[PDB]
Amino acid sequence: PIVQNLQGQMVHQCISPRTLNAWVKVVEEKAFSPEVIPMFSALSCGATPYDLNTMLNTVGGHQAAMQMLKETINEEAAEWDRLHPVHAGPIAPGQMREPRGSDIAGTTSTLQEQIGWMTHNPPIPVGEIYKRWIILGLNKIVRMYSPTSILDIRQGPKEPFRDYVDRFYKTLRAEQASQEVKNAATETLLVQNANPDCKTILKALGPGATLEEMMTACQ
Amino acid sequence: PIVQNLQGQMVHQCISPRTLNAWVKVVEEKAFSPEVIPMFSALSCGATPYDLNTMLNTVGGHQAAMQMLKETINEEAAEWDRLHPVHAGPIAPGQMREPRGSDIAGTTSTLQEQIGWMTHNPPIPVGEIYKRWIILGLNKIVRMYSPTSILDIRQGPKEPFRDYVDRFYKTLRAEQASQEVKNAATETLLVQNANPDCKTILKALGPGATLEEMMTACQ
Amino acid sequence: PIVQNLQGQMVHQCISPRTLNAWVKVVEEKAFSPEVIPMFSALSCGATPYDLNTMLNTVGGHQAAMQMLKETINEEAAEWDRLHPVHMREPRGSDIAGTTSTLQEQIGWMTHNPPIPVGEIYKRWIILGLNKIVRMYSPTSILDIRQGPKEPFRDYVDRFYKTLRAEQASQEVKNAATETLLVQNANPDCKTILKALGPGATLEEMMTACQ
Amino acid sequence: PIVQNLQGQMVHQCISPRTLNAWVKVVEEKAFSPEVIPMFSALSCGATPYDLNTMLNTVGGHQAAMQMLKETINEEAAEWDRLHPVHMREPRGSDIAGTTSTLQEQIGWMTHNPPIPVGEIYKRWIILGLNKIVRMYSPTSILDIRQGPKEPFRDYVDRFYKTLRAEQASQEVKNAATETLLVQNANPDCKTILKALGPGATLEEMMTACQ
Amino acid sequence: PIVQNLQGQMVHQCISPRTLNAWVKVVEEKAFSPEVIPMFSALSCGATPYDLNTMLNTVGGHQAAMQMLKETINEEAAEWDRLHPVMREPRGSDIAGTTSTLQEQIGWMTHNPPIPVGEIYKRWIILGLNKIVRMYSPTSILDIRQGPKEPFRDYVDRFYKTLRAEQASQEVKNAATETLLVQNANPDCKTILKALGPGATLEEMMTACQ
Amino acid sequence: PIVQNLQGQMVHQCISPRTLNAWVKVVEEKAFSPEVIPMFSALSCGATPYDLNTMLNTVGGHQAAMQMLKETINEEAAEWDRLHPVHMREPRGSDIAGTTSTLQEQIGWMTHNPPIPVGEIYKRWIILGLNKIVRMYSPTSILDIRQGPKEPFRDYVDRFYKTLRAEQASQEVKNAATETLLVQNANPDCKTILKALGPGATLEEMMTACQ
């Protein structure tokens, strides 16, 4: 985070012990369940790339994921370098140097420069850009660490329909399917993978049935 | 949440780790008991649509319920578009745009626009409007996840009357009864579903008996 | 709660997660023991009717008690309406309870000159309805609190004045019971010692005597 | 507690949920061990009589002690009335205890020139009444604290001065007991060593000698 | 602690429930292990004598140590009176907080020049606590000997833990690396340590016996 | 930490009890796992040398590590003295470590123009000394991390890059081992698949291949 002191100068505020401990415990408890990504975006709110690396470094295990996270950050950093060229004009007084991909990731940039890009006019939100790469790389990890595929989620003979749909849309969240696929799967794979008792009831409802009606029907 | 900084500018303050952890743990412990809904309204006090989505996304399980919650949000968003039409023509620079249904849900609107609408005179409470849609969709989930119907709540032979009334008005809360239906059932289903020993005492009290007198009578 | 922001405007501040969790856990743990009422009044300090309903609604179980609490709130609301006819607008009984009044209106009445403490009025009704619940949920009657043969006198007096608190006896009755029902319901060994002390004996001297 | 708001007006701020929960848990865990009194004085720092009653009312059990505590508060209130006749109004004994005085009046007396600290006066009565409870609830007397044959001297002295704190001994007795009752109640092995040290021995030298 | 209010007036702020509970639990858990002294100095940072006595009084057990702590406070108070004959000038009993109000203590602390009665009194408490830690140390440094199968890392943890409670100088701790640490090692690690020769850091010694 | 008071004067603010307890527990729980170092750099944010010593002194066990940490601090202090002769006074090595410098001087150097970041310089020495400890306390060598017969490849890579982190390998060494030692130490089933992928394979493609 960044704060303006009484002098009007933009200074780096330290990340609190509650936030650091919160981020450590959720990774310890939830590993890489899909809800970890919204929790990371919440705890790292308004953070600099320096603060984002602090939170990533504090994670103890899961170094296979962290090494993959670095590779995704390197790929996004090289993509930034390509389509943002480094202009040959002399650096205007009071304006900062143009942010490079490695500067946004925080490897080759100081904390003062990061505050400079974030607070100057126009602002270059290197914190938000870098967090976009991290969440992007974390989504890939969640997709890989997902144990079951959506095609294998089939309802049991005695399993309640409510529990089956919980597993179905849990798997669909880890596989990071689009929202339209999630809405579409209601009338396609969800009915197909149901047991013969619920499937007969679901087909009788016909097309265009909301999930509310489908769970009421198999109750 | 929103805060007025030292300059007097309305800035978005981070949702605290205490609030986030509180909302996560209540969903883990209480699932979808009726008291979860007041807890959400309390924890999400003064939140932007961005903050409401943060709280909803951090929920780990119950993806069947969350998928139904999305459908109810889409239905309320489309209803907003119907009776508040928006002329989405190109708007002059610096001019607040009229809130669309998807803007209230937070999918197609920035965090700055949401603060703009909320801290306006007169205020356009996109945070409160969106919370109304969420609680509306949450009440439907509680009704569905309610296991027993009010008609099946019958007092046992040796069960104390106090415990039976605890179960009765708990079931009646999940089934989302009106206050008049809850007040009226005191002289209808509560007496009818009582055991023969207490029912004889309750009929002797006659009409117009408060719940206080009924519980004293069967003690 | 209510706060004055930097601008000088009276704004509603959100009830903290600590208070909400504190009030939920004490109802979960203590149910309706007499010490829950002072805990409620303490946690709901300076609250609007909106905040009071939030704390009451967050209670999970005990819906029999909450339904009785509504009836006591409705009875007090009609009594307010009878004593205050309706011609900022003057608060109606349902406005004090928070059913037919906005959060801005409640802040208006509380931060007015002269102030109309709708929060304190409504909390007075809530504590009133909660006291009836504590009396009802009291398991034993004060007449049934009798000291055991091997029970220490200290424990018997702990049970005695605990029951007397749930039955909502007056402070004067509580002071008076020291020489009447407390001595009468004691076991024979301590009762002989208590009568030897005579009239006008403090509880300090009584518990020292049966030690 | 009391706070000066933005306007400069002294307003009552609510006691925090941390403080209330802290005071509840210590009474549940420690009952009436001597350290509960300094814990009470710390948590109730700068409190009004209203806040002191809030903390006292939130205590769940120990109603025998709470009933004795009321009697000590009444006795100190009557002593105040005798030394201070009643003609801002002058605070009477029942006003200091907080039964017959509003929260605004209590703020008036505390934030006055010259200040009448009814909060500190009432806390002095409470701590006085609580010390009587700790003195009574002490299980063993100082004369019965004797060192075992195999008990280490360190543990015996821990028990000795723990009892002496609950028995609310004076500072002089605590210093003096080092050379009298601490040596007298020691076991024959340590007592022989303690007498060899002679007069005027600090507790440091006595515990080093029996190590 | 002390705070400057909105008016600019120095008022005493209440010690927080977190701090009090923190100080109570560390004494319950750690008893009088050497790290309790720095924990006390940190939690009682900027405290008045009134606040220091609040923290000392809240300790439940260990009244033998607390009684010894009182005697050391009395001895240091008499030493202050001998060097300083008698705003009023603070006497020894005023620094300990027995014969001085909370307003006087704030007066001395927020004075020009400041009379740090809080820092002076904390120096006496830490001094008396150091004596307690030295006494409550169970083993002597001479009895800390490495086992036959004990790892060298664990032996050095015990060695310098004992050496901390026995309150050895910083120089004594550094010098013992090649003297008593090697002498009290097992014959397998001792042979390795002597081969390293003089002037070996603790890093090289633990790598050698790994 | 350092704060600017209302007057504009730079004063030292107390290290919070949350921070102190956080740093103590992570050392109790994690000992000297590699993630302890970023946790230390985060908890000691903006701290003076006095505050850094407070955090180091509060550590209870691991005195073997703390004694080695002192030796590394002494070595870096002597290196500072060699590169900076001593003629506000200029900070010497022992002043940066905080042994021979007051808290006011440390604030003087830190809050000055130009700033002499004695807090950041001293923290650089501590993290340097902690990195040496983590390398020593690492149990297994990278050469011994071999995948089992039935072990999933994901778990083997977790162990591999955990060991590689404690040994404080460079980023290039971590990147290079993906196609070198990680493939060599895999089991015969996964190694056959990994060689078939050929050169230039990311870790993502390797873990998908052995799934």
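Protein chains in written order, with the deposited numbering: chain A, 1 to 219; chain F, 1 to 219; chain E, 1 to 87, 96 to 219; chain D, 1 to 87, 96 to 219; chain C, 1 to 86, 96 to 219; chain B, 1 to 87, 96 to 219.
Think of the CB as a built atom: it goes at the ideal place given N, C-alpha and C, for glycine as much as any other residue.
Closest option to residue 183 (chain C), judged by alpha-carbon separation, among C:59, C:211, C:127, C:166: C:211. Of all residues in the stretch 134 to 151 of chain C, only 140, 144 come within less than 7 angstroms of chain D when Cβ atoms are compared, listed by chain position.
Taking the Cα of residue 116 (chain E) as reference, the smallest distance to any Cα among E:197, E:150, E:144, E:10 is reached at E:10. Rounded to whole angstroms, the gap between the alpha carbons of residue 118 (chain F) and residue 108 (chain F) is 16 angstroms.
Listed by position along chain F, the residues whose Cβ is nearer than 8 angstroms to that of residue 211 (chain A) are 64, 67, 68, 71.
At least 8 angstroms separates the beta-carbon of residue 60 (chain A) from that of residue 178 (chain B).
The C-alpha of residue 144 (chain C) is placed about 24 angstroms away from the C-alpha of residue 35 (chain D). Look at the stretch 7 to 59 of chain D and you find these whole runs of alpha helix (DSSP H), each 4 residues long or longer: 17 to 30, 36 to 43, 49 to 57.
Where residue 112 (chain C) is concerned, the enclosing alpha helix (DSSP H) starts and stops at 111 to 118. The three-state reading of DSSP puts residue 95 (chain A) in coil, since its state is none of H, G, I, E or B. Judged by beta-carbon spacing, residue 106 (chain E) lies within the 8 angstroms limit of residue 52 (chain E), meaning their Cβ atoms are closer than that value.
Within chain D, no residue has its CB atom less than 7 angstroms from the CB of residue 10 (chain E), the nearest being about 11 angstroms off.
Near chain E, meaning a CB-to-CB distance below 7 angstroms, no residue of the stretch 94 to 123 of chain F qualifies. Taking a 10 Å sphere around the C-beta of residue 127 (chain D), we find 16 or more other C-beta atoms and assign the residue as buried.
Inclusion of residue 42 (chain A) and residue 20 (chain F) in the CB contact set at 8 angstroms is warranted, their separation being smaller than that value. One alpha carbon belongs to residue 153 (chain B), the other to residue 164 (chain B), and they sit about 8 angstroms apart. With fewer than 16 other beta carbons inside 10 angstroms of its own, residue 86 (chain E) counts as exposed. For residue 136 (chain D) against residue 50 (chain D), the beta-carbon gap comes to about 20 angstroms, at or over 8 angstroms, which does not count as contact.
By the rule that beta-carbons nearer than 8 angstroms mark a contact, residue 43 (chain C) does not touch chain D.
In the three-state scheme derived from DSSP, where H, G and I count as helix and E and B as strand, residue 124 (chain D) is classed as coil. Straight across, the Cα-Cα distance linking residue 93 (chain F) with residue 40 (chain C) is about 60 angstroms. Positions of the alpha helix (DSSP H) runs, each at least 4 residues long and wholly inside the stretch 168 to 204 of chain B, are given as 179 to 184, 189 to 192 in order along the chain.
The beta carbon of residue 157 (chain E) sits no closer than 8 angstroms to any beta carbon of chain F. Contacts with chain C at 8 angstroms (Cβ-Cβ) include residue 54 (chain B). Within chain E, the C-beta atoms nearer than 7 angstroms to that of residue 17 (chain D) come from 18, 19, 22, 43, in chain order.
Residues of chain E whose Cβ lies closer than 8 angstroms to the Cβ of residue 216 (chain F) are, in chain order, 144.
With a 10 Å radius around the Cβ and a threshold of 16 neighbouring Cβ atoms, residue 146 (chain F) comes out buried.
Measuring C-alpha to C-alpha distances from residue 103 (chain A) to each of A:83, A:29, A:123, A:77 identifies A:77 as the nearest.
Contact with chain C is found for residue 170 (chain D), since one of that chain's Cβ atoms lies less than 8 angstroms from the residue's Cβ.
For residue 219 (chain B), there is no enclosing beta strand (DSSP E), as DSSP gives it neither H nor E.
Think of a sphere of 8 angstroms around the beta carbon of residue 61 (chain B): the chain C residues whose beta carbon falls inside it are 166, 170, in chain order. Under the DSSP assignment, residue 4 (chain C) falls in the beta strand (DSSP E) whose first and last residues are 2 to 4. Sequence-distant Cβ neighbours of residue 169 (chain E) in its own chain, meaning closer than 6 angstroms and more than five residues away, do not exist here. When the five nearest sequence neighbours on each side are left out, the beta carbons in the same chain lying within less than 6 angstroms of the beta carbon of residue 5 (chain A) are those of 11, in order along the chain.
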